[PDB]
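Have a look below at one chain only, the form deposited in one PDB entry, in structure tokens format.
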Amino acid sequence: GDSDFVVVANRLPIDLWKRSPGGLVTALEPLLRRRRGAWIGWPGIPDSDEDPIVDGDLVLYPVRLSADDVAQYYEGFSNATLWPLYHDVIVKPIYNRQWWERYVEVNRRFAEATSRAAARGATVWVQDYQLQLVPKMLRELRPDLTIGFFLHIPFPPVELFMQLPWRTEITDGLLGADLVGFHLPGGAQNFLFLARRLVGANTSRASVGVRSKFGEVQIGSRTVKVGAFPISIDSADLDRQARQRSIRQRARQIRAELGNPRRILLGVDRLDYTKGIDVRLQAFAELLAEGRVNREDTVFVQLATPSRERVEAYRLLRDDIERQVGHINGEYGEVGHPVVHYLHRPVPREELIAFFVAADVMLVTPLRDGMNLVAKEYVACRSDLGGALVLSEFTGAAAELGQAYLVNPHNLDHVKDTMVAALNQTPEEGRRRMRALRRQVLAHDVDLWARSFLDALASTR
């Protein structure tokens, strides 16, 4: 093809069609302004054409997937095998050979579409866990390409990874890249150890740095670079948006509609068993039972975005969370005044920002999360320096946001102590923490992340 920079991701960067706002596709804009750029992905509709679509800024290459393809490659292998395994088997992975076979077939199709788009010697950046076979497949089709891969979810310890019957194929798949990146040094180090243990490759032994001190894996005549690049957001843009009059007005209206509580706790997540929503609710219930939170002036809002309804584990999770909600309100609410407000629906971005602005305590308590950008978004929104972030240690974000109230979500006693502390912090202490968190997040944005990864990738040439 005629593109010298190519992104490969499970989905095209569109909404159903118009270009989706923000995200990676926006972070890359000033590179696409000087490159012949392409994006390979599934357009989100079954059995579409694979005819290229010019976006002026980008050229989009659609990948044809049937509904059955999506069921077995995506909702099957990706979300019911890889997702739970990589997130510390919070639920039991399902090992299914037909899912594997479709995952291979679909990965090859992405590889073919990439080659079609990629000019000679082009730079290719493959995204995330659905496409781990693509780098090797692409190198075999197109040895002229420079190939980067970034994993957005955690890379699990070897003891868990080894469960995968296709462990070697996945590892070889990733080793097809010139650069393999993870959010955290821990993931990079697991990958190095896996390369030694499973594949028998020679690797570097030193600790892996942050955006520096890269590891290496020797594969025959070529070297694979391994690095840690923690993703972030467009901090400045969110900071700006959150100051808008209409957002501030909505935040005040939210508090009014909640009956003007003294304190609002907020959870914002896709409904996933990795997110520790159940832990927040358990902690809140026990605090109310113990009289350590005031049921008359404190309210918890949980906004759950529907996710993966076709996967049974998610339906069961929804059932447990919805039981907790009903239970806590039945026990501690009053007619016309719940202590927990729970919504299971998509939420417009501007409404979410208004909730960040209204919330006195942000509860981000995943059991395991690659990064978690909701924590960083809350921080970027609080230019008033109000609020408080309660953050699980088991997120990538916890490595950068040390000034937050950090918790081990498995330590329920300390989660409860911490929620009380966040709710009752002095104004000055709250400001001190938020000021420090904002300094970090404003300085370490998605632009820094993307430039760091691409600089590392370019250096493999």
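Don't overthink the numbering: it's just position in the shown sequence, from 1. Between two forms, the rigid core is defined as the largest C-alpha subset superposing within 1.5 Å.
Although not depicted, the form deposited in another entry is the subject of the following passage.
Hey, after the core superposition between this form and the one not shown, which of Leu406, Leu423, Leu32, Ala399 has the C-alpha moving 2 angstroms or more? The displaced C-alpha is that of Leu32.
Rigid core fit then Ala436 CA moved by 2 Å or more between this form and the one not shown: No, the C-alpha moves less than 2 Å.
Any idea whether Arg35 and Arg142 get closer or farther by CA distance in the other entry, knowing it moves 3 angstroms or more? Farther: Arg35 and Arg142 separate by 3 Å or more in the other entry.
Check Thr26 against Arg382 at the C-alpha atoms and report closer or farther in the other entry, compared with the shown form; the change is 3 Å or more. Relative to the shown form, the pair is closer.
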